[PDB]
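# PDB entry and its sequence, pasted below:
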Amino acid sequence: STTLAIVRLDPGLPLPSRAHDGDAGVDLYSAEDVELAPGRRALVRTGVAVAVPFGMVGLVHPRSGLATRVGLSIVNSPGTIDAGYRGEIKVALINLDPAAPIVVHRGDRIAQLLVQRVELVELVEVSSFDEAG
Amino acid sequence: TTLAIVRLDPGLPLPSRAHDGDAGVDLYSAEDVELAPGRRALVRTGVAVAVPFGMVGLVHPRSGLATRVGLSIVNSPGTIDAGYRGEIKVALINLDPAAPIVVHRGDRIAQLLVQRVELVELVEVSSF
Amino acid sequence: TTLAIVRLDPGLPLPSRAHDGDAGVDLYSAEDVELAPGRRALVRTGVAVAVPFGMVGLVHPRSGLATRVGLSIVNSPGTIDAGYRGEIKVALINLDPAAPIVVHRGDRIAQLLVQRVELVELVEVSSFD
Amino acid sequence: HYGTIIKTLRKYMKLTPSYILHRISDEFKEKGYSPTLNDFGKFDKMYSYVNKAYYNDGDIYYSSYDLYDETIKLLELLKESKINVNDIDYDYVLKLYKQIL
Amino acid sequence: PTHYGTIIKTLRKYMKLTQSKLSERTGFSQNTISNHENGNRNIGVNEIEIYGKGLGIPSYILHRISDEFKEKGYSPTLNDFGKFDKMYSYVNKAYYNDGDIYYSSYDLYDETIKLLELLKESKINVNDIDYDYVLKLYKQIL
Amino acid sequence: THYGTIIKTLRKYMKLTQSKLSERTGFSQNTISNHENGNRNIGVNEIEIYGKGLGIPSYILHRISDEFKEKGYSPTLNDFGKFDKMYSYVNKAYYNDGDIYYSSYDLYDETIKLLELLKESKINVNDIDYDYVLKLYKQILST
């Protein structure tokens, strides 16, 4: 019962759909055509921008299909999308296969986006962990 | 709250929380696989879980193997969707430049977490 | 809403949230380490945290260094258990094919998140019904 | 083919996934028509099979790219072998699925 | 060949637990505990999780001990379990209070056996030993 | 440990009185006047408190004290009016531009770097527009 405001910077790309209810997160589409050589990386644009609610965080997870088959992953693998960030969501993909180049077409769903409530804790410095062990 | 498990392979122990408070149970390997430097493989864990609705199963690498032998997961924050009832598999990858990794049956390769995810509804707007 | 942290290195600043709403505080490095292409090292953060019971500490790479020079974490969703009271360390790895990475003392290596994890009780069944 | 997008779907259920709806519109701008819209009865039965296999088989969940695209290739493989959607078994669909995967 | 019945009684007597006292902790009736200990009824895979929480031993240790029976016929760990608990209490303190151990450990059971095998080599007893000395030995294993 | 000067200098910048800050930080005015003068060394937890009080992130105060141990003085604290106008621009760029958010290291360091570029080209921070500084931000982040 929570609404995540999203602006489509690329109207040619479909809105991210959640499909079956209960799925972890919506998948994000690629707006660029990039080819990743074995070992290289690139910052792919998704063409969409979201407004993560306060006290939550947007998380960009790789997709098990592409990761297992061609070996495509994300460098900052638990990608953080801060609540205050309003710019274009980008995905930093990387070709982990030793000698097989990866080709990404426009519109392909490269990664999925999860939103979890993070506990904004307040750090307190202590001499030692007394009252703990 | 509990969580159902089905041991597709009874030869491996049930995943155990061990010390209370730890993030998640560690998952055992059902296969004997050797990862060449750079290569990867999809190891089966011999268990199947029914993540509750509105939550998500997360497969994290173990800091022990990652620091020492350099073993990590390709889709490193491994997602287990709430509706997934199949056998959980882990996509390991030997990130060590030139050291082979050998995984035996029963070796604990990764750990499993369960967290409450906010199932949100996307709403498009003209401009924030 | 309260987390205790001991500075095992008085030189590095205490991690801070800076602007509120950010996912997690960033950790400073206590060592000067250089990662050769493909190599990895366990850099010390010089701090130790007391994760509250029912939560988990999460160490995420910093997107910046990752997109630019290609610095990531081997156990990329690094778990800091609630019962762990030792010095937090980060398992860095150089993913750039042929460019060495140099980390200086005080450099912000990674950020630390604290989320509520559900401590579930596993119960085995013959087959879902 | 925006008008044809919603009205026809009502007739399937005799009523008086948004990503799937956008994919059909991609066929109108590409091939001029929608081969999926006219034979939706065979697609829904196959998409309901492809849905069950992604959520109950590890080899599918950990090796799939696009559920819609996999349903189309499977229907083209069954039309090539001249096999009907009514006389098809879910177990038989799984064997063809793993091959394409 | 599930020797868990022998393992529970041996550990139950180690913990100075009464069959009735263990009965209140696990919820199992005395007879249910008795038939399990006697092998007349096999101990289920979910039941072991409860005897683990009743004896106070992580269930993973019980699987490692039963793995010793299927291998060597007996359990060398179960026979000298007093020395193991004293050594495992050290590896546990080091795993949760030392960065060098927490970020470089595989299996606490296996390393606890290795630490006891190293002390038997130097002919020092596991009770006249200090936590600091085992930690230095622990770091050497990693 | 010259934090005492750092508080009083920034306290005047925020137009906060010693009593009005006492209401936000909960320290007696005598404890404040002892810290702002250097009779009692402000502790580690105090720096976090004051930081929240004066509306300045905690790590910026640690960066200002690092300049005293280095150059003898703090160039950032002296020209703090130019810093606040400059730090407000890098914040908007870091949270509203993908080319910044996904390729930035330290907002503080980049905030000082941009101030040094304008000092070289003799451009003022008050008569400069965000659009031009965003263009320069992309430069120091490329290459």
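Perfect, thanks for sending it. Numbering: from 1, shown residues only, chains lettered A, B, ... in the order given.

# got a list of what residue 72 touches?
Just so you know, I chose chain A. For residue A:72, the contact set (Cβ atoms under 8 Å, 6 or more residues apart in numbering or on different chains) comprises A:36, A:62, A:66, A:93-96, A:102, A:110. The C-beta positions use only the backbone N, C-alpha and C, and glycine is treated the same way.

# look at chain D instead
So residue D:72 contacts residue D:36 (Cβ under 8 Å, 6+ apart).

# so is it in a helix, a strand, or just coil?
helix (DSSP: H, G, I helix; E, B strand; the rest coil).

# how close does it sit to residue A:46?
24 Å (Cβ to Cβ, to the nearest Å).

# re earlier: farthest pair within the contacts of residue A:72?
Spatial extent of these (Cβ to Cβ) is set by the pair A:96 and A:110 at 14.1 Å.

# so how far is stretch D:40-54 from its chain's centroid?
6 Å (Cα atoms, centre = their mean, to the nearest Å).

# rewinding a little: I'd like to know which of the contacts of residue A:72 are part of helices.
residue A:66 (DSSP state H).

# for chain F, what are the nearby residues on chain A?
Within chain A, the positions near chain F by Cβ under 8 Å from any Cβ of the partner chain are A:43, A:45, A:82, A:84-90, A:92, A:123-125.

# which of those residues lies closest to chain D?
residue A:89 (17.7 Å; Cβ to the nearest Cβ).

# OK, contacts around that closest one?
Residue A:89 touches A:28, A:45-46, A:48-50, A:58, A:60, A:81, A:113, F:98, counting by Cβ under 8 Å, 6+ apart.

# about what we covered before: neighbour count for residue A:96 and residue A:110, which is higher?
residue A:96 (24 against 21; other Cβ atoms under 10 Å in any protein chain shown).

# among the contacts of residue A:89, which are in strands?
Per DSSP state E, strands hold the following members of these: A:28, A:45, A:48-50, A:58, A:60, A:81, A:113.

# which of these sit farthest apart?
A:45 and A:58 (15.5 Å).

# For the two, work out which one has more neighbours and name it.
A direct count of neighbours by other Cβ under 10 Å for residue A:45 and residue A:58 places residue A:58 higher, at 23 against 20.

# With respect to chain E, which of the contacts of residue A:72 is nearest?
residue A:96 (23.0 Å).

# residue contacts, that closest one?
Counting by Cβ under 8 Å, 6+ apart, the residues that residue A:96 touches are A:39, A:71-73, B:38, B:40, B:74, B:93.

# hmm, 7 Å instead?
Contact partners of residue A:96, counting by Cβ atoms under 7 Å, 6 or more residues apart in numbering or on different chains, are A:71, A:73, B:74, B:93.

# Next: residue A:91.
A:28, A:44, A:46, A:60, A:74, A:110-111.

# again, only this time at 10 Å
Taking Cβ atoms under 10 Å, 6 or more residues apart in numbering or on different chains, we find residue A:91 in contact with A:28, A:30, A:42-46, A:60, A:62, A:74-76, A:79, A:104, A:110-111, A:113, F:102.

# OK, now which residue of chain D is nearest to chain B?
Closest point on chain D to chain B, by Cβ to the nearest Cβ, is residue D:58, at 4.2 Å.

# so what's the spatially most distant residue from the centre of chain D closest to, chain neighbours aside?
Of all residues in chain D, residue D:16 has its C-alpha farthest from the mean position, at 24.3 Å, by Cα atoms, centre = their mean. The shortest distance from residue D:16 to any non-neighbouring residue, by Cβ to Cβ, 6 or more residues apart in numbering or on different chains, is to residue D:10 (7.0 Å).

# before we move on, what about residue A:10?
That would be residue A:47: by Cβ to Cβ, 6+ apart, it lies 2.9 Å from residue A:10.

# Endpoints of stretch D:54-74, how far apart?
One end of stretch D:54-74 to the other measures 14 Å (Cα to Cα, to the nearest Å).

# Give the buried residues for it.
By neighbour count on 16 or more other Cβ atoms under 10 Å in any protein chain shown, the buried set for stretch D:54-74 is D:54-64, D:66-68, D:70-72, D:74.

# Go through the residues you listed and flag which are in helices.
Short answer: the buried residues of stretch D:54-74 in helices (DSSP H) are D:54-56, D:58-61, D:67-68, D:70-72, D:74.

# Just give me the closest of the residues you listed to chain E.
residue D:58 (21.8 Å).

# Quick one: residues contacting that closest one.
B:8, B:42, B:44-45, B:48, B:84-89.

# Show me what from chain D comes close to chain C.
By Cβ under 10 Å from any Cβ of the partner chain, the part of chain D that sits against chain C consists of residue D:56.

# Now do the helices in chain D.
Under DSSP H, chain D gives helices at D:3-13, D:18-31, D:35-38, D:40-56, D:58-61, D:67-80, D:90-100.

# For residue D:18, grab the count of nearby residues.
Residue D:18: 13 neighbours (other Cβ under 10 Å).

# List the residues that contact residue A:90.
Residue A:90 makes contacts with A:28, A:31-32, A:42-47, A:60, A:79, A:81, C:63, C:67, F:98-99, F:101-103, as judged by Cβ under 10 Å, 6+ apart.
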